[PDB]
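Listed next as structure tokens: two forms of one protein chain, kept apart as structure 1 and structure 2.
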Structure 1
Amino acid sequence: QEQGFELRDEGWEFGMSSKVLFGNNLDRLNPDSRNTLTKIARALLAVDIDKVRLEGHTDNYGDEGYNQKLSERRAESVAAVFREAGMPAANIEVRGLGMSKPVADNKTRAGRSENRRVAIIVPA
């Protein structure tokens, strides 16, 4: 039902700073991304979610095959953080989508930067 109206200021972890973005051709998480991820993982485990799908993505620069594999590496970097936060390994699905599903305009630096991402998906 509508119990969310009882919520006060605690635990709002899915805001604008919770996107998981990567540098050009990078597949490693920077210190603050690791932090966000640990906090997302903690938030999820705090609401009894311990199962996740991680979908990696690239911008459209370069070869499609190379980008498919880069997108997998990005999702893998995210998976490792979920495992170290205590999420069971078998409950983490990893998937690379390469360049095929952009969220933003690849013709700008800012848009390509929004496309280099891992989307955390929480299944039923």
Structure 2
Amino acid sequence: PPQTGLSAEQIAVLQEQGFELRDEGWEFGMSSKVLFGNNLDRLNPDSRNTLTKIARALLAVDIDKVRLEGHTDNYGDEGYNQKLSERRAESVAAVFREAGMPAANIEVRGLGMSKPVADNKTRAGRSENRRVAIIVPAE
């Protein structure tokens, strides 16, 4: 399949919103520390507003299908981190639905600690791993 499903107008929005093109599509990893702070799956209220802006920016150029993927670092129990990561992605999904993203077009996954982008030996690396990613397919 050619990766020509997105127009330049759509790519431009993805770039401005912080997305980078990766193997599974355009991806923006959002810091869980920023999104949730000390909470479990409840979003900071300011972060809810931030997320709504991103959803609306995407919807304004007809990017109306996303995958939301939750991730953790390697601290704690693996099953718990998987559950936490799924619930965190689901919280983001709720905000995207409220902004108008069609519910049938949102796929939610929790990957727990299984797909790190950084080394878990460092606080910085662990924080980079604690994220919720938005993925927009390029197909």
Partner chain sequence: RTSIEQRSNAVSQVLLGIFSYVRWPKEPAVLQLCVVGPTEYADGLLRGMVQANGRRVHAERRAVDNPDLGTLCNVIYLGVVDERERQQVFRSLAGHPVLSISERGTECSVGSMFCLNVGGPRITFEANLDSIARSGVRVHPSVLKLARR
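Structure 1 provides the reference sequence; residues are numbered from 1 along it. So that the term is clear: the rigid core is the largest set of C-alpha atoms that superpose within 1.5 Å between two forms.
- Note on provenance: structure 2 matches the form solved without its partner chain.
- For the residues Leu97, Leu26, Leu45, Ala80, superposed on the rigid core between structure 1 and structure 2, a C-alpha shift of 2 angstroms or more shows up only at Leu26.
- Here the rigid core is superposed, and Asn106 then shows its C-alpha moved by 0.7 angstrom between structure 1 and structure 2.
- In the core-superposed comparison between structure 1 and structure 2, the CA atom of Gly62 travels 1.4 Å.
- The two forms, fitted on their core, place the C-alpha of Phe14 7.2 Å apart, compared between structure 1 and structure 2.
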